[PDB]
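the sequence isn't on hand, but the structure is:
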């Protein structure tokens, strides 16, 4: 109960940090067809309407 | 990988709401924002030169 | 491209940050008749050029 | 703005030290008929230009 507190002190969320670091960089900004600069109306409206 | 999954999701959603063309359009794909770590000045200079 | 005279279209794909899908999108919408596209295609440093 | 031809009004907001209220103030008083404003709008390096 005195070394157990030390053990709980040394625990650091490194794996959570890795997951958060990789999550913050993955973002989708558009859904475009092949050879088109515009977003597809239907699928992108569905994407936005579902937040 | 996640873009393949997202395209699957969006094609399924198009199939649910009719949209026969969108459901079978496997060529369309999602677009991801840039993950490169580069300064603004370098990127702008390079793209302007390009 | 400026000196050796290489085809610029082939050199688009070698630039980092641009994928082949983006290259195809540029190829399809390079000569659009939209006023904005025409102004950007004929963009001199001191404003639009061309016609 | 010079090369890629981006709209300069949108690029005003991205410059540090300028807020959106200042951007609105610049927008409203960009084309004032005051002689000082007109001279600053047509300012060549060797003094005022324009009319």
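That came in fine, so what should we check first? Residues are numbered from 1 along each chain as shown, chains lettered A, B, ... in the order given.

so who does the closest residue to chain A within chain C touch?
Proximity of chain C to chain A (C-beta to the nearest C-beta) peaks at residue C:28, 4.2 Å away. For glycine as for every other residue, the C-beta is placed from the backbone atoms N, C-alpha and C. Contacts for residue C:28 (C-beta atoms under 8 Å, 6 or more residues apart in numbering or on different chains) come out as A:35-36.

could you do residue C:46 as well?
Contacts of residue C:46 by C-beta under 8 Å, 6+ apart: none found.

roughly how far apart are the residue of chain C closest to chain A and residue D:2?
To residue D:2, residue C:28 is 27 Å away according to C-beta to C-beta, to the nearest Å.

point out the residues in chain B that sit beside chain D.
Taking C-beta under 8 Å from any C-beta of the partner chain as the contact definition, chain B meets chain D at B:44, B:47-49.

go through the residues you listed and name the one nearest chain A.
Closest to chain A out of the residues of chain B next to chain D is residue B:47 (16.4 Å), distances taken as C-beta to the nearest C-beta.

tell me which element the closest one falls in.
Under the criterion of DSSP states H and E, residue B:47 resides in helix B:40-49.

identify the residues contacting that helix?
With C-beta under 8 Å, 6+ apart, helix B:40-49 has contacts from B:36, C:15, D:2-4.

which residues touch the nearest residue to residue C:48 once chain neighbours are set aside?
Among residues not flanking residue C:48 along the chain, residue C:39 sits closest, at 4.1 Å (C-beta to C-beta, 6 or more residues apart in numbering or on different chains). Contacts for residue C:39 were tallied using C-beta under 8 Å, 6+ apart; they are C:48, C:50, D:5.

residue contacts, the residue positioned nearest the centre of chain C?
Note on chain C: the residue nearest the mean C-alpha position is residue C:30, at 6.3 Å, using C-alpha atoms, centre = their mean. Taking C-beta under 8 Å, 6+ apart, we find residue C:30 in contact with residue C:41.
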